[PDB]
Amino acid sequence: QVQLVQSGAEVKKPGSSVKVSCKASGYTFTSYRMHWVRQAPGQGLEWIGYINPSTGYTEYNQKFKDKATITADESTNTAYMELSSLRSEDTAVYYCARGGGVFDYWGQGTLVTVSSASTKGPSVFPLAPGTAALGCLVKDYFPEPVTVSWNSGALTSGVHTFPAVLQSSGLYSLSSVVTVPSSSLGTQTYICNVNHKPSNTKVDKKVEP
């Protein structure tokens, strides 16, 4: 219908390189130059550059000339953006966007994480005490993301699941908490469903005092 689909998340080591893809649908691919932009935490939008799928011609932002090579593939209807010499500062969401006038149509973004860290499942620890709060500490994992649900999806109200922080160790950590009636404590079951896909780690943690 005019929709750009990018490839999935990437997790790369410093010094390495990665090639992201953006497949187009809903128009004739060569009639519009394809741009790329990055959004780094503290979400600042910066334009990287474009390719013209017809000429093969490219224009780049100075800031990104050392970093990005943008190529296109006319047969497959996809544009590529290759990032080389990866360093932790390259950690960002990347978009492709159509080049007809202003960017009307965007891809859904690809998250790219650059880190010397290695895949590791989280340790999960209980957070334990009208109302009381409890939760789980989801600690020492890499990379993002993690999902936390409660009682296999039955509890949703009062659940806060905090954004992850990056420790000096290069490993993430987060808490997910929920409030509960205090008379239920020794008797009602509360379970953390923690899911860490990147390391295939699923743990169901029951929380009690």
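For every residue, the number given is its place in the sequence shown, counted from 1.
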Chain break class for residue 129 to residue 130, judged by how many deposited residues have no coordinates: 4 to 9
21-29 versus 184-192 - greater average Cα B-factor per the deposited record: 21-29
Stretch exceeding the other in mean C-alpha B-factor - 38-46, 161-169: 38-46
Residue, from 123, 113, 78, 118, that the PDB entry assigns the highest Cα B-factor: 78
Chain thirds of CA B-factor: placement of residue 100: highest
Cα B factor band for residue 60 (lowest, middle or highest third within the chain): middle
Among modelled residues of the same chain, the CA temperature factor third for residue 153: middle
CA B-factor placement of residue 179, once the chain's modelled residues are sorted into thirds: middle
Where the record places residue 134 (Cα B-factor, split into thirds across the chain): lowest
